[PDB]
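First to last, the protein sequences are chains B and C.
Each residue of the first sequence is one higher than the one before, counting from 289 in the deposited numbering.
Each residue of the second sequence is one higher than the one before, counting from 289 in the deposited numbering.
In this text, a Cβ means the ideal position worked out from N, Cα and C, and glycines have one as well.
Written below as structure tokens is the structure these notes are about.
2 protein chains.
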Amino acid sequence: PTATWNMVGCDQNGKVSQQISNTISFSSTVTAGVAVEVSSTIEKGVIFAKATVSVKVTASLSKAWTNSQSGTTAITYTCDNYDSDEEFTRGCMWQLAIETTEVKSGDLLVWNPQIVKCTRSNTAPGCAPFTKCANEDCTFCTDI
Amino acid sequence: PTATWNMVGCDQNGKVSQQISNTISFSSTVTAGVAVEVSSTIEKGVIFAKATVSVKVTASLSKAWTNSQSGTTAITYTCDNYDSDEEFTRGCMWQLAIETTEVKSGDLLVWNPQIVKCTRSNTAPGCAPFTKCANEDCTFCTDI
Ligand SMILES: [Ca+2]
Ligand SMILES: [Ca+2]
């Protein structure tokens with residue numbers, strides 16, 4: 289047993305499944321505005337102390353145009369059987385620990401592939417992807 | 289019985305399931321703008337009180353570019369059976385109380401694993417993950 293796996297969820301009493309999603313989006317906005325300011329002031333100031341009062345009135349009008357596009361991918365995995373080939377009715381879903389080479393398709397679709405495994409209980413597996421316990425206490429692995 | 293569980297939902301008359309989701313997202317915006325202000329003022333002021341009126345006209349034009357990416361994981365659990373192996377037609381769903389080591393996969397995928405259990409009724413279980421009542425009043429637990 290070489291590989292190390294991360295546990296992703298355990299259910300003692302039924303199914304476990306997962307969905308993994310990535311979104312990429314690009315957006316842009318164009319804004320055009322105009323403003324009109326009409327102020328005035330009255331200031332009286334002779335022999336020593338000066339005092340003013342101002343009244344300003346502003347009016348604005350803008351218009352923005354946005355457009356955007358996104359793309360998303362979503363992979364879903366379900367636990368259906370153990371390595372022994374019996375139906376899965378409980379316990380844990382595992383994800384291979386190696387980080388992996390991202391897949392792209394054009395500018396806004398991206399995947400990052402996972403390799404998922406399901407086991408009877410929550411004791412961590414060691415066997416390689418597509419490799420099964422060969423002996424009772426799982427110190428050897430054979431091709432599935 | 290060692291473990292403590294939190295109740296997450298009870299249905300006296302059918303199924304209970306849950307879905308747990310985590311999203312991580314990074315975004316950035318770049319904004320470039322340009323403004324033109326064309327003001328003027330008329331102020332008349334001799335012997336002793338001064339008075340002005342101002343008219344300002346502004347026009348702006350900006351453009352923002354945003355791009356973002358997110359990633360989300362969603363694990364779903366369903367209650368299918370009791371520890372006795374009968375079909376689940378009512379009862380409660382439980383979540384192990386210990387906080388748990390988060391799994392990551394690159395920059396925007398995160399899980400935090402749960403261990404879920406389902407029971408016949410709403411009396412709190414104490415048995416360890418993958419461990420079942422061994423006796424009528426559940427003071428001892430055996431491997432499932
Ligand atoms: Ca086989
Ligand atoms: Ca059993």
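Tell me whether residue i is buried or exposed, calling it buried when 16 or more other Cβ atoms sit within 10 Å of its Cβ.
i        : result
C:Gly379 : buried
B:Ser309 : buried
C:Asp425 : exposed
C:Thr292 : exposed
C:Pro401 : buried
C:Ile403 : buried
C:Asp373 : exposed
C:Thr377 : exposed
B:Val341 : exposed
B:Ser305 : buried
C:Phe418 : buried
C:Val391 : buried
C:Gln300 : exposed
C:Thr329 : exposed
B:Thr427 : exposed
C:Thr290 : exposed
Give me the Cβ distance between residue i and residue j, rounded to the nearest whole Å; I'm assuming they're in contact under 8 Å.
i        : j        : result
C:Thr364 : C:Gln307 : 4 Å
C:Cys406 : C:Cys429 : Not a contact, Cβ separation roughly 16 Å.
C:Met381 : C:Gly297 : 5 Å
B:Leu396 : B:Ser313 : 7 Å
B:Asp371 : B:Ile432 : 6 Å
B:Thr311 : C:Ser358 : 5 Å
B:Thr361 : B:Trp399 : 5 Å
B:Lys344 : C:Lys338 : Incorrect: roughly 17 Å between the Cβ atoms, too far for contact.
C:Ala422 : C:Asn294 : Not a contact, Cβ separation roughly 23 Å.
Can you tell me where the beta strand (DSSP E) with residue i in it begins and where it stops?
i        : result
B:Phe314 : 304–332
C:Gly297 : 293–299
B:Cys421 : 419–421
B:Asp431 : 429–431
B:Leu396 : Careful: B:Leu396 lies outside any beta strand (DSSP E) and carries neither H nor E.
C:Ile403 : 403–407
Note to self: I want to know whether the region 341–355 of chain C touches the region 311–325 of chain B - three or more CB-CB distances under 8 Å.
What the structure shows: yes
Notebook entry, point to check: Touch check for the region 323–342 of chain B and the region 411–430 of chain B: three-plus C-beta pairs under 8 Å?
Noted result: no
Item checked: Within the region 331–393 of chain B, ranges of the beta strand (DSSP E) (whole runs, at least 3 residues) -> 339–343, 346–366, 379–384, 391–393
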